[PDB]
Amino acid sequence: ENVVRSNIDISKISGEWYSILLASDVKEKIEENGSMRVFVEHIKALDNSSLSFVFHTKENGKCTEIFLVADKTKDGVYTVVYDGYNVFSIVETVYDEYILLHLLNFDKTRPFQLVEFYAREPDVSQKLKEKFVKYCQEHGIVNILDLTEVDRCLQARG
């Protein structure tokens, strides 16, 4: 019944997840053609200082599978290379229900932010959606997308 914000057990966030919500401070990046519209499948620890991710994305309308490794720095803060340099942190999680991620992308333009909600089931309550939208508004993010109303490459999983 229990919300963790501090000393995240990365053996306990591992396994199967789904992408539920997406928000940015730049609307074009979270669009049908944007390269940051990705759908998570699987998370695993490789050691105390590496997380594995598996995603799907659409490239010229065709579903494609990607594998990345992210490197740890302090507790709960990670770096990864993909369409530029990225830094992100796990804000809060319930190990058997949901995860909230806050991410920053560099490129060579000005930086932008992404916030992501993942869940163990492919949809969630209105109560949890309202919680996400509140966190985004408290940090000045206004562009918010429900991915349960859109193709998320579900037929490609397993």
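The first residue of the shown sequence is 1; numbering continues from there.
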| query | finding |
| --- | --- |
| Mean Cα B-factor comparison, 123 to 131 or 24 to 32, giving the higher one as deposited | 24 to 32 |
| Which of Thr93, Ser89, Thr109, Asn105 ranks first by CA B-factor in the deposited coordinates | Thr109 |
| Relative C-alpha B-factor of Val142, binned into the chain's lowest, middle or highest third | highest |
| CA B-factor ranking of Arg152, expressed as a third of its chain | lowest |
| Assigned third (lowest, middle, highest) for the C-alpha B factor of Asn60 | highest |
| Chain thirds of CA B-factor: placement of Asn48 | highest |
